[PDB]
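Asker: Sharing an experimental structure here, sequence included.
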Amino acid sequence: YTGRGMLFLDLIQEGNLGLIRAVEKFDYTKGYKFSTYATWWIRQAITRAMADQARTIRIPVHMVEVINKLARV
DNA sequence: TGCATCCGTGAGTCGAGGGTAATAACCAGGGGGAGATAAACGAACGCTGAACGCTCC
């Protein structure tokens, strides 16, 4: 997700918040590796922050998901 | 102590002119302001004439 109005190092720090979230909600009772669980939370934190901090005029999160959806189609 | 290196600064004058890119995507819940219907008063009207006077027989 580099090169979209957010600095590359800034993306790492916001994703880093997602990682600390994931460890508090992870356990061995599920028969799966930590890597599969973590990547969901990493992607969530990065994409939400990108929605909330890239544009000069802030756009609400649900308008942002509308425009990128229509752009791709 | 001398020699080598790099970093910062400055480099004319007025004229002419405007727009830039890219990636899991959702229920689920739920709060919070922005637009839709009955109650408190007093002011137009309303007939209520009643109650006063203004001319007339």
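Answerer: That came in fine, so what should we check first? Numbers count the residues shown, from 1 in each chain, chains lettered A, B, ... in the order given.
Asker: which residue packs closest to residue A:58, ignoring adjacent ones?
Answerer: Taking Cβ to Cβ, 6 or more residues apart in numbering, and ignoring the residues beside it in sequence, residue A:58 has residue A:52 as its nearest neighbour in space, at 7.2 Å. For every residue, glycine as well, the C-beta is placed using N, CA and C.
Asker: what's around that neighbour, how many residues?
Answerer: The burial count assigned to residue A:52 is 14, neighbours taken as other Cβ atoms under 10 Å.
Asker: and the gap between it and residue A:40?
Answerer: Note on residue A:52: its distance to residue A:40, by Cβ to Cβ, to the nearest Å, is 18 Å.
Asker: same deal with residue A:3?
Answerer: Applying Cβ to Cβ to residue A:3 and residue A:40 gives a distance of 23 Å.
Asker: Could you check which of the two is surrounded by more residues?
Answerer: Just comparing residue A:3 and residue A:40: by other Cβ under 10 Å the higher neighbour count belongs to residue A:40, 11 against 7.
Asker: give the contact list for the more buried one.
Answerer: By Cβ atoms under 8 Å, 6 or more residues apart in numbering, the residues touching residue A:40 are residue A:22.
Asker: And it, which helix or strand is it part of?
Answerer: Secondary structure from DSSP states H and E places residue A:40 in helix A:34-53.
Asker: for that helix, the distance to its chain's centre please.
Answerer: On the basis of Cα atoms, centre = their mean, to the nearest Å, helix A:34-53 sits 3 Å off its chain's mean C-alpha point.
Asker: now do stretch A:9-20
Answerer: Distance, centroid of stretch A:9-20 to centroid of chain: 8 Å (Cα atoms, centre = their mean).
Asker: what does that stretch rub up against?
Answerer: Counting by Cβ under 8 Å, 6+ apart, residues outside stretch A:9-20 touching it are A:1-2, A:38, A:41-46, A:49-50, A:53.
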